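The data below hold one chain only, encoded as structure tokens and taken in the form deposited in one PDB entry.
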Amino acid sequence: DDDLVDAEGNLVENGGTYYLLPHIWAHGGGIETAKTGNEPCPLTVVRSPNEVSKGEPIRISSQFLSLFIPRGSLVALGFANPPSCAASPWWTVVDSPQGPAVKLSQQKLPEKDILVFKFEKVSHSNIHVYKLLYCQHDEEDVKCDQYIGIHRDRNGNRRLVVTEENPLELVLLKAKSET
């Protein structure tokens, strides 16, 4: 086993709630939502610009029943307290002209549209730091070949989108609670 480890050195709990913080202190705060484009409400998943903000507590749920999250496990990521307009907490990835973007949804999605993420251990770190991969279909299965990074839009929103150059790198900090 090489399970996911949180920021304090304890195994990440499956289904538990964590703050998804940048490894580099100066790179902003935790994850939250913004209302962008023609969205009717906040459905865009973004990173807070406030370095002191832990952002929202995020549920990290494996495809398995286990207590912890094994190496190479696909996960679904969801807001413990999502905007009222989202039908569920879960993040999904929606294609667009500029590329896949991380969003919330106004309907309930099938598990195959939310179990699309995987954390990947970053080499050369003392603290457990992970890149976040997006896993598209291998037309029957799934393949995690793209990374999530940030794209600051003309309004300053630091949107989580599929990236090419600089994957974000996070540390998972356990939250006092979710709900």
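Note that the rigid core is defined as the largest set of C-alphas that superpose within 1.5 Å between two forms. We number the residues from 1 along the sequence you see.
With 90 to 98 and 105 to 113 compared on mean CA B-factor from the PDB entry, the stretch scoring higher is 90 to 98. Once the C-alpha B-factors are averaged per stretch, 137 to 145 and 115 to 123 rank with 137 to 145 first. In the deposited coordinates, the residue among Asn50, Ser62, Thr33, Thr36 with the greatest CA B-factor is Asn50. Taking only the listed residues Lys131, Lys54, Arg154, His128, the entry reports the highest CA temperature factor at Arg154. Among all modelled residues in this chain, the alpha-carbon of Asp3 has a temperature factor (C-alpha) in the lowest third. When the modelled residues of the chain are ordered by their C-alpha B factor, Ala80 lands in the middle third.
In the deposited entry, the Cα temperature factor of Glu165 places it in the highest third of its chain's modelled residues. Sort the modelled residues of the chain by CA B factor and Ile150 lands in the highest third.
Although it is not shown, the form deposited in another entry is what the next lines describe.
Positional change of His27 between the shown form and the other one reaches 2 Å or more at the C-alpha, relative to the superposed core. Once the rigid core is overlaid between the shown form and the other one, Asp138 counts among the residues whose Cα shifts by 2 Å or more.
Annotation: Cα of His124 displaced by at least 2 Å between the shown form and the other one, core superposition. One change in the other entry concerns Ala26 and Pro100, whose Cα atoms lie at least 3 Å closer than in this form. Three angstroms is the minimum change: in the other entry, the CA atoms of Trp25 and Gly9 sit farther apart than in this structure, by 3 Å or more.
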